[PDB]
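Report on the structure given below.
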Amino acid sequence: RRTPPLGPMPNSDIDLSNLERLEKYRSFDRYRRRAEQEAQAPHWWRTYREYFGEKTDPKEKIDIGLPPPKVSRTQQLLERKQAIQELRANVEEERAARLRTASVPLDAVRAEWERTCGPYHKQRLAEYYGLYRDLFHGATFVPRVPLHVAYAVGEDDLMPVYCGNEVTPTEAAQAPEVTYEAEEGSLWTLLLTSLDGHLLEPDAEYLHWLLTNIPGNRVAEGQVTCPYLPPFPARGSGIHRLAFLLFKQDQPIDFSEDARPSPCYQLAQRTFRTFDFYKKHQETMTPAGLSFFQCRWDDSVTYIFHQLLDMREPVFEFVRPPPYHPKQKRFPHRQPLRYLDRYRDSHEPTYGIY
Amino acid sequence: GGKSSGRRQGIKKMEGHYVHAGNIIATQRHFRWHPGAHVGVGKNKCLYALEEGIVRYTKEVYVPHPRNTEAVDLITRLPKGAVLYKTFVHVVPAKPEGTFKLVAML
Amino acid sequence: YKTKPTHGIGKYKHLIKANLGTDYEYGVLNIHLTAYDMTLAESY
Amino acid sequence: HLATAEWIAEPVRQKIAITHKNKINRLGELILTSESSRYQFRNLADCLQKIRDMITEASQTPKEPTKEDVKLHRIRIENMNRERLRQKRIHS
Amino acid sequence: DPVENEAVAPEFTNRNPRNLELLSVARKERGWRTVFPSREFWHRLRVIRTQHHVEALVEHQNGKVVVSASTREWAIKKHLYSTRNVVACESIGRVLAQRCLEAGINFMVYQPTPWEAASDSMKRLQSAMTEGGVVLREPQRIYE
Ligand SMILES: [Mg+2]
């Protein structure tokens, strides 16, 4: 019994009458490339990606970001081509290239990337970290404008918060310095959330900082809706992710409902969700910047828990499920003597009635 | 002579069967099936599960290792656009690695 | 499996190979290059 | 209570509070628990031996170049990377 | 008597995708011993050397791509003489190492064919990654 295939055969298109005329792969790299390109295509049979690959909703990922700016591709390409023309005409550059000793300015390339391709890479990195999934319950945003946050340690040292890096709570104890390009007439809002810092409700998250109505780049003059609170990731609970979000207000916004008393050391009051918050504010609020970083536990968390939060610090532990053993049989055939030690619970000797 | 008995070699766990770590999935004289995710192969081409989960069978693209000169030579002689396919057996883990629970309140 | 519609997906030897002169084309030809300069001969 | 306990030397108390800081609760009490056996006698003996081992370790204060754990390898790598990523202000 | 701040759930739920990887307890996709390359890793570094351009990707095992460094990008084109030479490979390696350091990823894997491994451009890329601080060996999973 044979059943016709439900789709085209993988090698049905290739003829075989003139297979000698057909050009061969003749190399492993070409076959590998064709193989991966084929594997990246949908199929009507069961495949690895069907069972292990993640599934996405058919609806397109909804965007809430700032509309893309326009630019003249022809002029951009002309300037780029003349720049590379003069660069290749420069003999010293060509000699360095042939000697394989040329070097590129890392700071310059990063600064140019932050304006050219930075937003898309940052969006992809945030999607990989899953922020868009947990908060917003599924949405997308492109960080059109850049933001730079630094925590001041010592008198000179700065710990930056670029994207998903590791910063200790000892460094994050004080309020950081925030910089972002802006001009007069723009109202900004800064928010900080701990995605995994919650201790009671897994779905909810803890708000740690909220500034509203920042005039331009004058961050200090902004209204302090909620005082800054350093992160408190519990020891043994893993690595948490703390997210800074910069939003823009087309109209002035009153923040009376979400206002928090100063100080706000209660976890129930610090409980917050960006979901339904961006829902109630989306009419007159729109994101412009996003950043985040990873955080572990350190000694400063103990002080924060004992004094700032006035509570006993909880300590967690990662524990694996107990090993599986089959149901014990009365006569274990051909099993080693240690078969009974697997089902014995205590290693101390027992004597029963005696 | 030649009075040998059968070797009882074949599939031991079908599609959708729940397996534990170390269980033999299939034994074979030659590589009829290929291991996939969390499936190990022994010296005698015996397939066992490295993780506890559900067994699945799929058709997957065959890309041999470069050091396998015989298979490299075999695949380098195919007409352009040809792709080899083979049956792979996978196990989908069911339980998480572990959980975090409160152990002390200091 | 043979019964399943994906039967034969694993076949590969039908894509691999298992002289008579026509009246329009020549079967086998040989081009011999003679030279006292071996380098030029092999280069050509 | 560690600090209040006068039957141990003050530097030993300080070293114990430093090293075994994860076993000190909010009130400053050092806590040691044992579940290694079914007998309260053996569990108490284990706790007392733990206390004695801590005291003698603080007394000896070894300074040998001990081996590096594989778990701490990636921790020190990421700490070095974070130190490298740390930045200085232009104007001081 | 009860304190609201001390009300903590018995089980902690952490949704960070990288927490298990950083704790070195996430299970790796072992197997695939009959095919190349192996999938037993958390992050993979892939190099695509085309006729005109060179690309480097750092991607997760489940399919997602973490970071990229491609010679088509203008911030490196404006300083790069040629996108298909050892200088281009060195620049790509350094830039990707810096991007990964900023993103927080430190450990990856590299699974080259023997010829591209012996290739001089790729070994200079490895040197660039090493000097940038990226380690191309992942820590072994902690089973127990
Ligand atoms: Mg017979």
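One residue stands out among those in the range D:10-32 that are under 20 Å from A:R312 (Cα atoms) and of a type in the set (K, R): the one that is nearest to the chain's Cα centre (by Cα), which is D:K21. Figure legend. Inter-residue proximity from the range D:65-92: first residues more than 20 Å from E:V134 (Cα to Cα), second residues of a type in the set (A, V, I, L, M, F, W, C), beta-carbon distance below 8 Å, spacing 6+ or different chains. Indicated pairs: D:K88/A:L158; D:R89/A:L158. Quick check: anything in the range C:18-37 within 14 Å of chain A (Cβ to nearest Cβ), under 26 Å from B:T76 (Cβ atoms) and surrounded by 10 or more Cβ atoms within 10 Å (Cβ to Cβ)? No, the range C:18-37 contains no residue that is within 14 Å of chain A (Cβ to nearest Cβ), under 26 Å from B:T76 (Cβ atoms) and surrounded by 10 or more Cβ atoms within 10 Å (Cβ to Cβ).
What is the residue count in the range A:168-205 for residues that are within 14 Å of chain E (Cβ to nearest Cβ) and in a loop (DSSP other than H, G, I, E, B)? Result for the range A:168-205: 11. State whether one or more residues within the range A:68-87 are within 14 Å of chain B (Cβ to nearest Cβ) and surrounded by 15 or more Cβ atoms within 10 Å (Cβ to Cβ). Checked against the condition, which is being within 14 Å of chain B (Cβ to nearest Cβ) and surrounded by 15 or more Cβ atoms within 10 Å (Cβ to Cβ), the range A:68-87 yields no hits at all. All conditions but one from (1) surrounded by fewer than 10 Cβ atoms within 10 Å (Cβ to Cβ); (2) under 30 Å from the mean Cα position of the chain (by Cα) apply to A:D341; the one that does not is (2).
Test A:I239 against the criterion of being touching a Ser or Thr at 6+ places or on another chain (Cβ under 9 Å) and surrounded by fewer than 21 Cβ atoms within 10 Å (Cβ to Cβ), and give yes or no. No.
Taking the range A:112-126 only, how many residues are assigned to a helix (DSSP H, G or I) and facing chain E (nearest Cβ under 8 Å)? Count: 6. Residues in the range D:24-76 that are part of a loop (DSSP other than H, G, I, E, B) and within 14 Å of chain B (Cβ to nearest Cβ): D:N25, D:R26, D:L27, D:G28, D:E29, D:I31, D:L32, D:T33, D:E35. Just one of (1) closer than 30 Å to A:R115 by Cα; (2) part of a helix (DSSP H, G or I); (3) over 27 Å from the mean Cα position of the chain (by Cα) fails for A:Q251. It is (2).
Among the residues of the range A:307-322, how many are under 17 Å from A:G197 (Cβ atoms) and not in a loop (DSSP other than H, G, I, E, B)? Total meeting the criteria: 4.
Remark: pairs (first residue in the range E:89-117, under 10 Å from E:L45 (Cβ atoms); second residue among the hydroxyl-bearing types (S, T, Y) and assigned to a loop (DSSP other than H, G, I, E, B); Cβ separation under 9 Å; 6+ apart in sequence or on different chains) = E:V109/E:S38; E:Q111/E:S38; E:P112/E:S119. Pairing each residue of the range B:1-14 that is within 14 Å of another protein chain (Cβ to nearest Cβ) with any residue that is more than 8 Å from the ligand (Cβ to nearest atom) and small (G, A, S), provided the two are 6+ apart or on different chains, yields C-beta distances under 6 Å for B:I11/B:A26. Residues that are within 25 Å of the chain's Cα centre (by Cα) and among the hydrophobic types (A, V, I, L, M, F, W, C) were ranked within the range A:31-67; the one that is surrounded by the most Cβ atoms within 10 Å (Cβ to Cβ) is A:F52.
Inspect all residues belonging to the range D:2-23 and state whether any of them is part of a strand (DSSP E or B) and among the hydrophobic types (A, V, I, L, M, F, W, C). No: the range D:2-23 contains no residue that is part of a strand (DSSP E or B) and among the hydrophobic types (A, V, I, L, M, F, W, C). In the range B:68-104, which residue that is surrounded by fewer than 18 Cβ atoms within 10 Å (Cβ to Cβ) and within 30 Å of A:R312 (Cβ to Cβ) is farthest from the other protein chains (Cβ to nearest Cβ)? Ranking the qualifying residues of the range B:68-104, first place goes to B:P96. Identify the residue in the range D:77-92 that is assigned to a helix (DSSP H, G or I) and among the polar types (S, T, N, Q) and, among all such residues, is farthest from the other protein chains (Cβ to nearest Cβ). Across the range D:77-92, the extreme among qualifying residues is D:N79.
Quick note: the coordinates plus some simple rules give every number you see, no bench work behind them. Quick reminder, even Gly has a Cβ in these numbers, built from the backbone with ideal geometry, and neighbours come from all protein chains shown.
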